[PDB]
Amino acid sequence: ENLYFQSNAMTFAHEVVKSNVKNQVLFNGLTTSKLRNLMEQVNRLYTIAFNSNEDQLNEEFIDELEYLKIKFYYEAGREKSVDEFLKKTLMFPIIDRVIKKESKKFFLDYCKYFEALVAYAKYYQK
């Protein structure tokens with residue numbers, strides 16, 4: 001078989017981003033201003049998760065997640081660096097996973113992953 005290990009979200013964000021500096025461009029011309037609309041969408045959801053007492057995610061929140069997937073695919077259609085970024089980050093199967101588990105802790109973990117993705121993208125830029 002093979003031999004794989006336990007990497008938290010921060011470590012793997014750093015790895016994906018720094019492994020997508022090629023010869024210098026980031027994910028083929030990504031910048032952070034291209035992710036702004038997305039960042040805001042994530043932020044507006046983060047706070048509403050933070051205020052939720054229980055871990056069981058409200059159903060309107062799931063609709064919001066569906067719309068988040070939709071805004072993702074929009075930006076991926078708009079800008080090719082966003083398309084590469086979203087594929088190589090596994091953004092979509094992770095959004096799916098969050099939607100299935102419907103837990104608050106898990107979505108906040110996803111938010112940390114997204115936040116570190118953007119930070120590291122920022123640290124490596126033109």
# chains A, B, ... in the order shown; residues from 1 in each chain; ligands from 1
$ select_by_dssp --residues "region 12-115 of chain A" --states "strand (DSSP E)" --output "list in words"
residues 21, 22, 25 and 26 of chain A
$ closest_residue --among "A:61, A:27, A:110, A:4" --to "residue 124 (chain A)" --atoms "only C-alpha atoms"
A:27
$ select_by_dssp --residues "region 14-102 of chain A" --states "alpha helix (DSSP H)" --output "number ranges by chain"
A: 14-19, 36-51, 59-78, 80-89, 91-101
$ atom_distance --atom1 "CA of residue 60 (chain A)" --atom2 "CA of residue 90 (chain A)"
24.2 Å
$ closest_residue --among "A:103, A:43, A:125, A:6" --to "residue 58 (chain A)" --atoms "only C-alpha atoms"
A:103
$ residues_around --residues "residue 50 (chain A)" --least-positions-apart "4" --cutoff "9 Å" --atoms "only C-alpha atoms" --output "PyMOL selection string"
chain A and resi 45-46+104+108
$ write_last_selection --atoms "C-alpha atoms" --output "compact mmCIF listing (two decimals), in the first residue's frame"
# COMPACT_ATOMS: atom_id res chain seq x y z
CA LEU A 45 -21.61 33.12 6.54
CA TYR A 46 -18.88 32.75 9.16
CA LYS A 104 -21.09 24.17 12.89
CA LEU A 108 -15.76 26.81 10.93
$ residues_around --residues "residue 9 (chain A)" --least-positions-apart "3" --cutoff "12 Å" --atoms "only C-alpha atoms" --output "compact mmCIF listing (two decimals) with C-alpha atoms, in the first residue's frame"
# COMPACT_ATOMS: atom_id res chain seq x y z
CA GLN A 6 -2.05 13.69 9.26
CA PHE A 12 -2.09 21.71 3.59
CA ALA A 13 -3.16 25.21 2.53
CA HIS A 14 0.47 26.27 2.67
CA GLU A 15 1.46 23.20 0.68
CA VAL A 16 -1.13 23.66 -2.09
CA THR A 89 -7.66 23.30 -3.54
CA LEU A 90 -10.45 20.68 -3.58
CA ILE A 94 -15.05 20.04 0.63
CA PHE A 106 -16.94 21.57 10.62
CA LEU A 108 -15.76 26.81 10.93
CA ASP A 109 -12.90 24.43 10.19
CA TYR A 110 -13.59 24.97 6.51
CA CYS A 111 -13.52 28.71 7.13
CA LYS A 112 -10.09 28.39 8.69
CA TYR A 113 -8.96 26.41 5.65
CA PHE A 114 -10.28 29.05 3.25
CA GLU A 115 -8.81 31.86 5.34
CA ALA A 116 -5.33 30.31 5.31
CA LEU A 117 -5.64 29.62 1.57
